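In what follows, a single structure is set out as structure tokens and then discussed.
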Amino acid sequence: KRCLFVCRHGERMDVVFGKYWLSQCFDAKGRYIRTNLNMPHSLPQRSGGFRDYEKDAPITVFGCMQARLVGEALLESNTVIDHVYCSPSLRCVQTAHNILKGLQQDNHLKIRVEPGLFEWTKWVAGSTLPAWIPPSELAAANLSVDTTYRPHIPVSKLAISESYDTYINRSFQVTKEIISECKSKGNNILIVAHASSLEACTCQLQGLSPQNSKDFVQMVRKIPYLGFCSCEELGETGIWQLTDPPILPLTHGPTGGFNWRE
Amino acid sequence: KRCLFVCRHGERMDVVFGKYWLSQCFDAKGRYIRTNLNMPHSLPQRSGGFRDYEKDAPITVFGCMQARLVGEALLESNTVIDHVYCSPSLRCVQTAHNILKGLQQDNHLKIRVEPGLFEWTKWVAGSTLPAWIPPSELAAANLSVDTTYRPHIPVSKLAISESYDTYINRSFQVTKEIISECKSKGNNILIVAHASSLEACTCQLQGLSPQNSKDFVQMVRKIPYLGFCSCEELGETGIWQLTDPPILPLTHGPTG
């Protein structure tokens with residue numbers, strides 16, 4: 001009885017509202033003016049200005065709902081979570097926070113932001129890695145992160161535009177250190193990250209070799225928001241295996257119709 | 001200052017989970033077993049059995065969210081609603097109920113189920129009209145309907161597989177009776193219905209003639225869930241006009 005749950009972040013701003021959503025909710029003075037009910041009542045102050053959101057978008061209001069539902073589902077299934085890690089993307093942090101709410105654990109449990117959980121650095125448009133909000137600015141922004149946590153791969157140890165199996169490796173490496181620094185200290189582990197993280201984090205843990213970098217991207221655009229899978233360790237023999245999740249899947253469609261009229 | 005707001009129901013079971021969703025959440029004994037987080041924790045007992053849902057699907061959990069958000073939006077904009085009507089489809093009733101929650105009005109205000117607000121009866125698959133839940137069974141199911149309400153077009157006055165401009169007419173007729181039975185009795189009216197209802201209910205109210213039955217269906221698959229539009233009456237001269245809604249639009253994508 002030990003469990004690793006790995007799930008993807010919830011619905012993301014720049015996908016619904018697309019690349020330039022920033023011009024849709026920030027005026028010239030830098031004030032946030034929501035223009036759609038799927039946009040949160042407020043966004044966190046990024047110490048570098050509203051421009052930093054460009055390479056690190058937040059989740060939408062329905063993004064929170066997805067995550068809440070997952071947390072509540074988890075609580076209904078009496079599934080206890082002991083440690084919760086997430087990627088440093090804001091979207092991931094926010095999804096972890098909101099899972100903790102549904103779980104009714106946001107001010108008992110504390111998210112461990114692990115830059116090693118971040119997605120394959122190829123998908124970072126730009127020459128330069130996102131300006132992530134450091135943990136302590138994140139707590140200050142009402143997210144339940146652990147400022148005490150010392151990362152396994154800190155930011156500076158991340159190569160921009162890195163090799164595919166570099167990404168695969170760090171996933172296996174990070175997940176490995178996570179599983180063991182949580183061993184003496186209670187059962188179930190939750191990781192909140194990216195589409196790629198579902199495969200990458202678990203794959204070699206079950207002794208299976210990764211798909212080469214082409215069939216991968218295929219399987220990555222497969223994964224839904226709050227897409228969720230789980231692993232179980234037999235004995236403490238160190239061998240993990242795939243497992244039916246402890247909660248129902250979550251499917252829903254779009255508001256639909258016309259994105260635009262008149 | 002009088003307003004008619006007309007909006008479409010929220011996300012619907014049989015579209016997300018498709019035609020046979022019933023076999024996905026009811027076992028042989030007729031017990032509901034949800035198989036997805038977008039499925040409500042429970043469904044209302046239909047006096048005819050779980051089979052009645054087939055021609056009258058409920059809204060999904062994200063269906064409720066959409067509606068709630070609209071209600072809350074309405075409250076934030078300090079927009080007061082005085083009368084709320086809906087189509088008899090369960091999906092419409094449920095959307096109205098959930099708007100009233102966001103609005104914080106569910107046990108002050110009472111939904112008036114109006115069979116005249118129902119969609120063009122062509123889109124009823126089957127030889128026979130849906131087995132709608134009558135108002136009093138609906139209250140009994142925790143929806144804030146008015147059992148006192150006497151409908152303008154009751155169920156029996158609805159033709160199955162009816163004519164297009166029959167549908168257009170009843171829309172104009174029903175909306176007309178709604179606007180006037182609410183006149184002496186306070187300002188804003190909310191109708192919760194169908195995609196077709198947005199055009200059909202308002203169109204001739206502004207003196208515009210309807211699109212013929214081909215360009216219509218085009219404009220009907222246009223309209224989003226909780227799609228929302230509004231009308232304003234100038235003076236009490238009886239002339240209505242199009243107006244910017246009092247609340248932001250709601251757009252979101254799929255889980256994918």
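Here, A, B, ... name the chains of the structure tokens in the order displayed, residue numbers run from 1 inside each chain, and ligands are numbered from 1 in the same displayed order.
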
Using only C-alpha atoms, I'd like a table of the residues in chain A that come within 10 Å of chain B; for each, show the closest atom pair and its distance in Å rounded to one decimal, ordered by chain and ascending number, as JSON lines.
{"residue": "A:10", "atom": "CA", "partner": "B:255", "partner_atom": "CA", "distance": 8.4}
{"residue": "A:11", "atom": "CA", "partner": "B:255", "partner_atom": "CA", "distance": 7.5}
{"residue": "A:12", "atom": "CA", "partner": "B:253", "partner_atom": "CA", "distance": 9.5}
{"residue": "A:13", "atom": "CA", "partner": "B:252", "partner_atom": "CA", "distance": 9.5}
{"residue": "A:15", "atom": "CA", "partner": "B:253", "partner_atom": "CA", "distance": 8.3}
{"residue": "A:16", "atom": "CA", "partner": "B:252", "partner_atom": "CA", "distance": 6.1}
{"residue": "A:17", "atom": "CA", "partner": "B:252", "partner_atom": "CA", "distance": 8.6}
{"residue": "A:34", "atom": "CA", "partner": "B:248", "partner_atom": "CA", "distance": 8.6}
{"residue": "A:35", "atom": "CA", "partner": "B:248", "partner_atom": "CA", "distance": 6.3}
{"residue": "A:36", "atom": "CA", "partner": "B:248", "partner_atom": "CA", "distance": 5.3}
{"residue": "A:37", "atom": "CA", "partner": "B:250", "partner_atom": "CA", "distance": 5.0}
{"residue": "A:38", "atom": "CA", "partner": "B:250", "partner_atom": "CA", "distance": 6.0}
{"residue": "A:39", "atom": "CA", "partner": "B:250", "partner_atom": "CA", "distance": 9.0}
{"residue": "A:60", "atom": "CA", "partner": "B:252", "partner_atom": "CA", "distance": 8.4}
{"residue": "A:61", "atom": "CA", "partner": "B:252", "partner_atom": "CA", "distance": 9.0}
{"residue": "A:62", "atom": "CA", "partner": "B:252", "partner_atom": "CA", "distance": 7.4}
{"residue": "A:63", "atom": "CA", "partner": "B:252", "partner_atom": "CA", "distance": 9.4}
{"residue": "A:65", "atom": "CA", "partner": "B:65", "partner_atom": "CA", "distance": 8.3}
{"residue": "A:66", "atom": "CA", "partner": "B:255", "partner_atom": "CA", "distance": 8.9}
{"residue": "A:69", "atom": "CA", "partner": "B:37", "partner_atom": "CA", "distance": 7.2}
{"residue": "A:70", "atom": "CA", "partner": "B:37", "partner_atom": "CA", "distance": 8.0}
{"residue": "A:72", "atom": "CA", "partner": "B:37", "partner_atom": "CA", "distance": 10.0}
{"residue": "A:73", "atom": "CA", "partner": "B:37", "partner_atom": "CA", "distance": 7.8}
{"residue": "A:221", "atom": "CA", "partner": "B:256", "partner_atom": "CA", "distance": 8.8}
{"residue": "A:222", "atom": "CA", "partner": "B:256", "partner_atom": "CA", "distance": 7.9}
{"residue": "A:223", "atom": "CA", "partner": "B:256", "partner_atom": "CA", "distance": 7.4}
{"residue": "A:224", "atom": "CA", "partner": "B:256", "partner_atom": "CA", "distance": 5.0}
{"residue": "A:225", "atom": "CA", "partner": "B:255", "partner_atom": "CA", "distance": 5.3}
{"residue": "A:226", "atom": "CA", "partner": "B:255", "partner_atom": "CA", "distance": 8.1}
{"residue": "A:227", "atom": "CA", "partner": "B:255", "partner_atom": "CA", "distance": 8.6}
{"residue": "A:247", "atom": "CA", "partner": "B:37", "partner_atom": "CA", "distance": 8.4}
{"residue": "A:248", "atom": "CA", "partner": "B:36", "partner_atom": "CA", "distance": 5.1}
{"residue": "A:249", "atom": "CA", "partner": "B:36", "partner_atom": "CA", "distance": 5.0}
{"residue": "A:250", "atom": "CA", "partner": "B:37", "partner_atom": "CA", "distance": 4.6}
{"residue": "A:251", "atom": "CA", "partner": "B:255", "partner_atom": "CA", "distance": 5.9}
{"residue": "A:252", "atom": "CA", "partner": "B:254", "partner_atom": "CA", "distance": 5.7}
{"residue": "A:253", "atom": "CA", "partner": "B:254", "partner_atom": "CA", "distance": 4.1}
{"residue": "A:254", "atom": "CA", "partner": "B:253", "partner_atom": "CA", "distance": 4.1}
{"residue": "A:255", "atom": "CA", "partner": "B:225", "partner_atom": "CA", "distance": 5.3}
{"residue": "A:256", "atom": "CA", "partner": "B:224", "partner_atom": "CA", "distance": 5.0}
{"residue": "A:257", "atom": "CA", "partner": "B:224", "partner_atom": "CA", "distance": 4.3}
{"residue": "A:258", "atom": "CA", "partner": "B:222", "partner_atom": "CA", "distance": 5.3}
{"residue": "A:259", "atom": "CA", "partner": "B:251", "partner_atom": "CA", "distance": 7.2}
{"residue": "A:260", "atom": "CA", "partner": "B:222", "partner_atom": "CA", "distance": 9.4}
{"residue": "A:261", "atom": "CA", "partner": "B:222", "partner_atom": "CA", "distance": 8.9}

Export of prior selection with C-alpha atoms as a compact mmCIF listing (two decimals), in the first residue's frame:
# COMPACT_ATOMS: atom_id res chain seq x y z
CA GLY A 10 -6.40 22.00 -15.30
CA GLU A 11 -7.69 24.29 -18.10
CA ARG A 12 -5.18 26.88 -19.16
CA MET A 13 -5.78 30.67 -20.20
CA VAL A 15 -5.50 27.86 -24.89
CA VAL A 16 -9.03 29.10 -24.39
CA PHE A 17 -8.14 32.67 -25.05
CA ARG A 34 -11.63 40.31 -16.96
CA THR A 35 -13.63 40.12 -20.19
CA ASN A 36 -15.07 36.64 -19.76
CA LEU A 37 -16.66 34.66 -16.94
CA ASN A 38 -14.05 31.90 -17.39
CA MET A 39 -11.38 34.40 -16.25
CA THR A 60 -9.14 29.42 -16.03
CA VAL A 61 -12.15 29.41 -13.67
CA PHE A 62 -13.28 26.06 -15.07
CA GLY A 63 -9.64 25.07 -14.48
CA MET A 65 -13.51 23.55 -10.95
CA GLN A 66 -11.80 20.58 -12.57
CA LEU A 69 -13.77 18.07 -8.38
CA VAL A 70 -10.67 15.88 -8.39
CA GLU A 72 -13.42 16.10 -3.66
CA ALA A 73 -13.47 12.85 -5.59
CA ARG A 221 -1.71 15.39 -26.93
CA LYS A 222 -3.80 12.38 -25.81
CA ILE A 223 -3.99 13.46 -22.18
CA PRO A 224 -6.94 15.53 -20.85
CA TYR A 225 -6.93 18.24 -18.22
CA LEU A 226 -6.69 16.71 -14.70
CA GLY A 227 -5.97 13.54 -16.63
CA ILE A 247 -11.49 8.13 -8.62
CA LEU A 248 -13.83 8.42 -11.64
CA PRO A 249 -12.54 10.07 -14.81
CA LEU A 250 -13.63 13.64 -15.69
CA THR A 251 -15.04 14.42 -19.13
CA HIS A 252 -16.86 17.51 -20.37
CA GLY A 253 -17.26 19.52 -23.59
CA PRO A 254 -16.94 23.21 -24.52
CA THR A 255 -19.39 26.05 -24.19
CA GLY A 256 -19.28 25.70 -27.96
CA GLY A 257 -21.46 27.40 -30.63
CA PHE A 258 -19.59 30.44 -31.94
CA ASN A 259 -16.53 31.81 -30.22
CA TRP A 260 -17.58 35.19 -31.76
CA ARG A 261 -20.66 37.04 -33.07

Requested in this report: For region 40-48 of chain B, please output as JSON, numbers by chain all residues within 9 Å (counting only C-alpha atoms; exclusion window: fewer than 6 positions along the same chain).
Outcome: {"B": [32, 33, 34, 58, 59, 60, 61, 131, 132, 133, 137, 138, 141, 142]}

Mind dumping a table of every region 22-140 of chain A residue within 9 Å of region 163-177 of chain A, with the nearest atom pair and its distance in Å to one decimal, using only C-alpha atoms, sorted by chain and rising number, as a Markdown table?
| residue | atom | partner | partner_atom | distance |
| --- | --- | --- | --- | --- |
| A:114 | CA | A:174 | CA | 8.5 |
| A:116 | CA | A:174 | CA | 6.0 |
| A:117 | CA | A:171 | CA | 6.5 |
| A:118 | CA | A:171 | CA | 8.7 |
| A:119 | CA | A:167 | CA | 7.7 |
| A:120 | CA | A:167 | CA | 5.6 |
| A:121 | CA | A:167 | CA | 7.8 |
| A:122 | CA | A:163 | CA | 8.3 |

Query raised in the report: Within 6 Å of residue 97 (chain A), counting only C-alpha atoms, which residues qualify if same-chain residues fewer than 2 places away don't, as a list in words?
Result: residues 94, 95, 99, 100, 143 and 144 of chain A

Selected residues written out, C-alpha atoms, as a PDB file, in the first residue's frame:
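The file below, selection07.pdb, is the result:
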ATOM      1  CA  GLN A  94      -2.771  26.446  -8.960  1.00  0.00           C
ATOM      2  CA  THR A  95      -4.145  23.010  -9.829  1.00  0.00           C
ATOM      3  CA  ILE A  99      -6.957  19.817  -5.409  1.00  0.00           C
ATOM      4  CA  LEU A 100      -6.008  20.439  -1.781  1.00  0.00           C
ATOM      5  CA  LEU A 143      -1.168  29.039  -2.688  1.00  0.00           C
ATOM      6  CA  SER A 144      -0.315  26.320  -0.185  1.00  0.00           C
TER       7      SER A 144
END

Give me the residues near residue 4 (chain A) as an mmCIF file with N, CA, C and O atoms, in the first residue's frame, where near means some atom within 12 Å (using only C-alpha atoms) and where sequence neighbours in that chain fewer than 6 positions away do not count.
data_model
loop_
_atom_site.group_PDB
_atom_site.id
_atom_site.type_symbol
_atom_site.label_atom_id
_atom_site.label_comp_id
_atom_site.auth_asym_id
_atom_site.auth_seq_id
_atom_site.Cartn_x
_atom_site.Cartn_y
_atom_site.Cartn_z
ATOM 1 N N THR A 79 -9.300 8.524 0.022
ATOM 2 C CA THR A 79 -7.907 8.382 -0.384
ATOM 3 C C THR A 79 -7.091 9.479 0.295
ATOM 4 O O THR A 79 -7.290 10.658 0.013
ATOM 5 N N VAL A 80 -6.189 9.089 1.203
ATOM 6 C CA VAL A 80 -5.344 10.071 1.894
ATOM 7 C C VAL A 80 -4.082 10.359 1.095
ATOM 8 O O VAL A 80 -3.424 9.446 0.576
ATOM 9 N N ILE A 81 -3.762 11.647 1.004
ATOM 10 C CA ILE A 81 -2.561 12.130 0.336
ATOM 11 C C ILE A 81 -1.607 12.619 1.416
ATOM 12 O O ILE A 81 -2.024 13.353 2.333
ATOM 13 N N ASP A 82 -0.341 12.229 1.314
ATOM 14 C CA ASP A 82 0.614 12.595 2.362
ATOM 15 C C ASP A 82 1.607 13.644 1.927
ATOM 16 O O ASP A 82 1.978 14.538 2.695
ATOM 17 N N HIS A 83 2.046 13.535 0.689
ATOM 18 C CA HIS A 83 2.944 14.526 0.141
ATOM 19 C C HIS A 83 2.400 14.934 -1.224
ATOM 20 O O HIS A 83 1.862 14.098 -1.935
ATOM 21 N N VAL A 84 2.489 16.213 -1.554
ATOM 22 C CA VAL A 84 2.039 16.710 -2.918
ATOM 23 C C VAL A 84 3.107 17.565 -3.556
ATOM 24 O O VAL A 84 3.521 18.590 -3.023
ATOM 25 N N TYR A 85 3.608 17.072 -4.674
ATOM 26 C CA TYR A 85 4.574 17.790 -5.465
ATOM 27 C C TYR A 85 3.907 18.399 -6.715
ATOM 28 O O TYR A 85 2.891 17.895 -7.189
ATOM 29 N N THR A 175 11.181 11.543 -9.908
ATOM 30 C CA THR A 175 10.161 10.656 -9.358
ATOM 31 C C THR A 175 10.780 9.666 -8.349
ATOM 32 O O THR A 175 10.179 9.346 -7.332
ATOM 33 N N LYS A 176 11.999 9.227 -8.645
ATOM 34 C CA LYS A 176 12.742 8.270 -7.841
ATOM 35 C C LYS A 176 13.105 8.853 -6.473
ATOM 36 O O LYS A 176 12.918 8.201 -5.437
ATOM 37 N N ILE A 178 11.672 11.401 -5.145
ATOM 38 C CA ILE A 178 10.424 11.767 -4.511
ATOM 39 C C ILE A 178 9.864 10.575 -3.742
ATOM 40 O O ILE A 178 9.438 10.722 -2.618
ATOM 41 N N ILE A 179 9.881 9.408 -4.374
ATOM 42 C CA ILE A 179 9.357 8.194 -3.796
ATOM 43 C C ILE A 179 10.111 7.797 -2.516
ATOM 44 O O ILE A 179 9.510 7.279 -1.575
ATOM 45 N N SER A 180 11.410 8.084 -2.487
ATOM 46 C CA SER A 180 12.258 7.675 -1.387
ATOM 47 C C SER A 180 12.373 8.681 -0.229
ATOM 48 O O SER A 180 12.510 8.266 0.941
ATOM 49 N N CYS A 182 9.949 10.275 0.693
ATOM 50 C CA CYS A 182 8.617 10.167 1.296
ATOM 51 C C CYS A 182 8.355 8.801 1.923
ATOM 52 O O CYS A 182 7.269 8.564 2.452
ATOM 53 N N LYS A 183 9.344 7.908 1.865
ATOM 54 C CA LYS A 183 9.154 6.521 2.308
ATOM 55 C C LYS A 183 8.878 6.375 3.801
ATOM 56 O O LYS A 183 7.778 5.980 4.192
ATOM 57 N N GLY A 186 5.160 8.089 5.592
ATOM 58 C CA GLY A 186 3.756 7.899 5.173
ATOM 59 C C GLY A 186 3.528 7.485 3.719
ATOM 60 O O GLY A 186 4.433 7.572 2.891
ATOM 61 N N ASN A 187 2.305 7.059 3.410
ATOM 62 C CA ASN A 187 1.974 6.394 2.129
ATOM 63 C C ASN A 187 1.862 7.270 0.835
ATOM 64 O O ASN A 187 2.870 7.548 0.180
ATOM 65 N N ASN A 188 0.648 7.684 0.484
ATOM 66 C CA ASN A 188 0.330 8.244 -0.860
ATOM 67 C C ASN A 188 0.975 9.558 -1.297
ATOM 68 O O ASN A 188 0.929 10.559 -0.584
ATOM 69 N N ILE A 189 1.557 9.532 -2.488
ATOM 70 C CA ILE A 189 2.186 10.705 -3.088
ATOM 71 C C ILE A 189 1.371 11.249 -4.290
ATOM 72 O O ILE A 189 0.958 10.504 -5.173
ATOM 73 N N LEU A 190 1.130 12.546 -4.299
ATOM 74 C CA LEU A 190 0.482 13.192 -5.463
ATOM 75 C C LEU A 190 1.441 14.147 -6.151
ATOM 76 O O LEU A 190 2.016 15.028 -5.492
ATOM 77 N N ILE A 191 1.607 13.945 -7.462
ATOM 78 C CA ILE A 191 2.323 14.864 -8.352
ATOM 79 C C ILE A 191 1.356 15.540 -9.312
ATOM 80 O O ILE A 191 0.611 14.866 -10.021
ATOM 81 N N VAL A 192 1.387 16.866 -9.354
ATOM 82 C CA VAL A 192 0.542 17.655 -10.271
ATOM 83 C C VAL A 192 1.445 18.279 -11.329
ATOM 84 O O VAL A 192 2.253 19.153 -11.013
ATOM 85 N N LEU A 198 2.852 12.358 -17.184
ATOM 86 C CA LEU A 198 2.140 11.128 -16.880
ATOM 87 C C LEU A 198 2.965 9.927 -17.347
ATOM 88 O O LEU A 198 3.253 9.011 -16.549
ATOM 89 N N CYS A 201 7.149 10.287 -15.979
ATOM 90 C CA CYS A 201 7.366 10.027 -14.548
ATOM 91 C C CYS A 201 7.206 8.572 -14.159
ATOM 92 O O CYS A 201 7.938 8.073 -13.308
ATOM 93 N N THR A 202 6.231 7.903 -14.761
ATOM 94 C CA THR A 202 5.884 6.541 -14.368
ATOM 95 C C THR A 202 6.585 5.443 -15.193
ATOM 96 O O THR A 202 6.997 4.411 -14.637
ATOM 97 N N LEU A 205 9.599 3.475 -14.067
ATOM 98 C CA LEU A 205 9.277 2.992 -12.736
ATOM 99 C C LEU A 205 8.687 1.581 -12.792
ATOM 100 O O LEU A 205 8.911 0.792 -11.886
ATOM 101 N N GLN A 206 7.946 1.275 -13.857
ATOM 102 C CA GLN A 206 7.384 -0.057 -14.076
ATOM 103 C C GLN A 206 8.322 -0.925 -14.920
ATOM 104 O O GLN A 206 7.964 -2.041 -15.312
ATOM 105 N N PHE A 228 -5.545 11.697 -15.131
ATOM 106 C CA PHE A 228 -5.125 11.185 -13.838
ATOM 107 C C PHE A 228 -4.783 9.728 -13.942
ATOM 108 O O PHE A 228 -5.607 8.941 -14.400
ATOM 109 N N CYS A 229 -3.575 9.347 -13.529
ATOM 110 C CA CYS A 229 -3.250 7.917 -13.401
ATOM 111 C C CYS A 229 -2.493 7.591 -12.128
ATOM 112 O O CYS A 229 -1.945 8.490 -11.496
ATOM 113 N N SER A 230 -2.457 6.308 -11.769
ATOM 114 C CA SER A 230 -1.870 5.885 -10.482
ATOM 115 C C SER A 230 -0.949 4.662 -10.529
ATOM 116 O O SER A 230 -1.098 3.768 -11.362
ATOM 117 N N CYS A 231 -0.001 4.643 -9.605
ATOM 118 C CA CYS A 231 0.916 3.526 -9.450
ATOM 119 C C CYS A 231 0.937 2.988 -8.041
ATOM 120 O O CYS A 231 0.833 3.750 -7.080
ATOM 121 N N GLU A 232 1.074 1.672 -7.939
ATOM 122 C CA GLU A 232 1.118 0.970 -6.650
ATOM 123 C C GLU A 232 2.440 0.225 -6.485
ATOM 124 O O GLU A 232 2.898 -0.432 -7.414
ATOM 125 N N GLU A 233 3.056 0.340 -5.313
ATOM 126 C CA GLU A 233 4.271 -0.409 -5.003
ATOM 127 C C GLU A 233 3.932 -1.714 -4.255
ATOM 128 O O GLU A 233 3.288 -1.687 -3.205
ATOM 129 N N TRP A 240 7.116 -0.906 -9.103
ATOM 130 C CA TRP A 240 5.812 -0.289 -9.245
ATOM 131 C C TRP A 240 5.025 -0.899 -10.378
ATOM 132 O O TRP A 240 5.589 -1.474 -11.310
ATOM 133 N N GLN A 241 3.707 -0.798 -10.258
ATOM 134 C CA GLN A 241 2.801 -1.287 -11.279
ATOM 135 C C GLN A 241 1.606 -0.372 -11.511
ATOM 136 O O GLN A 241 1.146 0.304 -10.586
ATOM 137 N N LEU A 242 1.120 -0.375 -12.750
ATOM 138 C CA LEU A 242 -0.089 0.354 -13.135
ATOM 139 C C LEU A 242 -1.296 -0.129 -12.319
ATOM 140 O O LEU A 242 -1.312 -1.270 -11.822
ATOM 141 N N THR A 243 -2.289 0.751 -12.167
ATOM 142 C CA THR A 243 -3.418 0.514 -11.263
ATOM 143 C C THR A 243 -4.620 1.364 -11.671
ATOM 144 O O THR A 243 -4.454 2.469 -12.209
ATOM 145 N N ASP A 244 -5.824 0.837 -11.447
ATOM 146 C CA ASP A 244 -7.053 1.595 -11.696
ATOM 147 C C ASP A 244 -7.090 2.755 -10.725
ATOM 148 O O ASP A 244 -6.808 2.580 -9.538
ATOM 149 N N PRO A 245 -7.417 3.955 -11.227
ATOM 150 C CA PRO A 245 -7.341 5.122 -10.360
ATOM 151 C C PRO A 245 -8.363 5.022 -9.224
ATOM 152 O O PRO A 245 -9.345 4.273 -9.341
ATOM 153 N N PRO A 246 -8.140 5.758 -8.122
ATOM 154 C CA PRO A 246 -9.096 5.606 -7.048
ATOM 155 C C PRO A 246 -10.323 6.484 -7.248
ATOM 156 O O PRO A 246 -11.199 6.502 -6.388
#

Requested in this report: Give the strand (DSSP E or B) residues of region 6-181 of chain B, as DSSP finds them on the backbone, and put them as a PyMOL selection string.
Outcome: chain B and resi 6-8+12+26+32+59+83-86+111-113+145

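Atom pair CA of residue 122 (chain B) / CA of residue 19 (chain B) has a distance of 17.3 Å (rounded to one decimal).
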